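Okay, structure first, notes after.
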Ligand SMILES: CCCCCCCCC(=O)O
């Protein structure tokens with residue numbers, strides 16, 4: 001029945017709120033400087049990174065920015081893992097499959113959600129107290145300058161669909177439960193859940209965005225851009241592991257990469 005899927009759409013939206021402090025809705029309130037529900041300090045040059053630590057809670061600059069972005073990713077994983085637990089069925093799967101689903105799944109969700117924190121011109125840093133311009137990032141030293149850039153590229157395409165937090169909650173739940181993923185001992189239970197989630201996503205898209213012709217199809221197509229961006233990410237990473245074999249990396253970010 002439609003009613004059953006509607007109930008699942010709501011259950012996941014509830015957990016999404018509970019698990020992600022910076023909603024897309026909060027983000028686009030901060031970004032659209034109209035509603036000064038607290039406006040961000042912005043960082044656009046080296047000499048403004050200073051008052052970023054002056055006014056905001058947060059070893060060469062380009063490295064220290066990169067480490068700070070890497071730290072927001074472990075926090076992003078922690079939250080994503082918290083959200084998965086709530087997807088009905090998930091905790092019931094084989095444990096080894098729970099991990100692989102997360103191993104491949106988190107990154108794709110990192111950048112889906114990061115799109116909420118972006119406009120064409122920059123990205124919210126530091127829970128929303130900051131805003132760092134895409135140009136300052138692009139201007140960084142050359143093993144880091146073009147690191148974040150293809151994220152802005154994806155975000156601008158993706159932001160165009162203009163999704164809700166209530167749509168994203170079902171969409172990120174789909175991404176997690178792929179079955180497409182290498183090493184899954186047990187695929188059909190994963191696939192059975194995802195087909196029910198794609199039902200929830202489909203329906204929700206039609207109710208929440210009716211005049212938006214074939215958004216469901218257009219959304220699922222954006223998973224093409226997602227995969228491709230995670231891949232040039234890991235190759236960008238392994239390069240920094242040899243340009244600065246003195247720079248560390250969080251262990252929980254280590255496990256996301258058994259490459260090849
Ligand atoms: C540290 C709070 C996490 C939110 C975005 C992280 C960006 C922080 C930074 O790059 O300095």
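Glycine gets a Cβ as well: all are built from the backbone with ideal geometry, and neighbour counts include every protein chain shown. No lab work stands behind these numbers, since they all come straight from the coordinates.
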Worksheet item: Ranked highest first by average number of other Cβ atoms within 10 Å, how do 29-42, 4-17 line up?
Response: 4-17, 29-42
Item to complete: With runs of 4+ DSSP H residues as the only contributors, calculate the mean residue ellipticity of the chain at 222 nm using -39,500 (n - 2.57) per run, divided by the residue total and rounded to the nearest 500.
Response: -20500 deg cm²/dmol
Worksheet item: With a ≥ b ≥ c the root eigenvalues of the C-alpha gyration tensor of the range 1-97, is it rounded (a/c under 1.5), prolate (a/b larger than b/c) or oblate?
Response: oblate
Worksheet item: What number, in nm² with one decimal, is the all-direction average of the projected area of the convex hull of the alpha-carbon atoms of the chain?
Response: 14.5
Worksheet item: Any idea how far apart residue 29 and residue 141 come out in nm if each label point goes 7 Å out from Cα toward Cβ?
Response: 3.9
Worksheet item: Between the range 5-71 and the range 82-157, what's the alpha-carbon centroid distance in Å?
Response: 12
Fill in: Enclosed volume per residue, in Å³, of the convex hull spanned by Cα atoms of the range 119-199
142
Worksheet entry | the range 154-238 shape via C-alpha gyration tensor axes, a/c threshold 1.5 | oblate
Discussion item. For 230, 174, which order do you get if you count the other beta carbons within 10 Å of each Cβ and list the fewest first?
Written reply: 230, 174
